[PDB]
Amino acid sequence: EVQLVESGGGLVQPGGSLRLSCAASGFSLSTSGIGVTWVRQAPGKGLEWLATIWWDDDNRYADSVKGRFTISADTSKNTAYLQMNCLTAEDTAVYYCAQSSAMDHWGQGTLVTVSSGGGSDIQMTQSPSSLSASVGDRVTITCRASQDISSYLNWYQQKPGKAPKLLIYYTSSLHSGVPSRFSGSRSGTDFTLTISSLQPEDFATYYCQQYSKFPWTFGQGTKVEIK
C-alpha cells in the first residue's frame, strides 16, 4: 500500500514554531522522479500550494512561506518534514503532504492553529459603509458595539494619504479645534456622528473606535463621497 503517514501540528502561539512529519510507506523518497509537496487549507477556504522538494534536492517555495518555512526529507527515516517558523494567526490551516507531475496519495492532514487567545473582542459595526452627499447636507453616521461600552467611543476622520484625525472623544466631546458642525451622541445601544452642514473639506472616511476594553477596535469605516 502506497500512502503517506502524517504527524504533528496542533495549537501554538504566534512567533512559535513546529515541525510536521510525513512518513512514506510503500515507496522511497530517494527514488528518482519522486517528490513531496506540502499544501494547506484555511478553515472554509480552498487549497494553497506551499512547497515541493524533489528526489534530487531541487525545491520550490511559495511566497507566503519564504523565509519562514523550510521543507526537508530524511532518507534514513524515509520521512519528509515541513519546518514551520515564526507562525502568525494567518498560518492557521489544515496542512497536507502529498507525493509528487500531480499530487497523489495525500496525507490525512493536520490542523495547525496559531492563536494567543476565547475571542472576547468587542466588534464595532458602522452604517452605512459609504454615503453620497452634497455640500451643505446633513450627514448622520451610525455605530454600534457588540457589548456595552458605555460612552467610551471616539470618532476619527481620515483623508486619502493622510493619517486619521480625532474629531470627538467620549461619545460627545468635540476635540479642540474641530468645527462645531461635528457632533456625537448615543441613543439606545448605538452611537451617531452628525455633520450638521457638510463642508467641502469633510469628504473623507470616518471611523468609530471603542476604548472601554483592550483590544481597542475600530469600525470598518464610512466613506463620505461627493454626489
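Just count from 1 along the sequence shown to find any residue number.
The gap between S100 and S101 holds 4 to 9 unmodelled residues of the deposited sequence. Higher mean CA B-factor, judged across 64-72 and 26-34 from the recorded values: 26-34.
Stretches 162-170 and 180-188 differ in mean C-alpha B factor, with the higher average recorded for 180-188. Within the selection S146, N85, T88, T110, the deposited Cα B-factor values reach their highest point at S146. Ranked by Cα temperature factor within the chain, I141 sits in the middle third according to the deposited record. Among the modelled residues of the chain, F214 sits in the middle third by CA temperature factor in this PDB entry.
The entry lists a Cα temperature factor for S150 that places it in the highest third of the chain's modelled residues. The PDB entry assigns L4 a C-alpha temperature factor belonging to the middle third of its chain's modelled residues. Among all modelled residues in this chain, the alpha-carbon of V94 has a temperature factor (C-alpha) in the lowest third.
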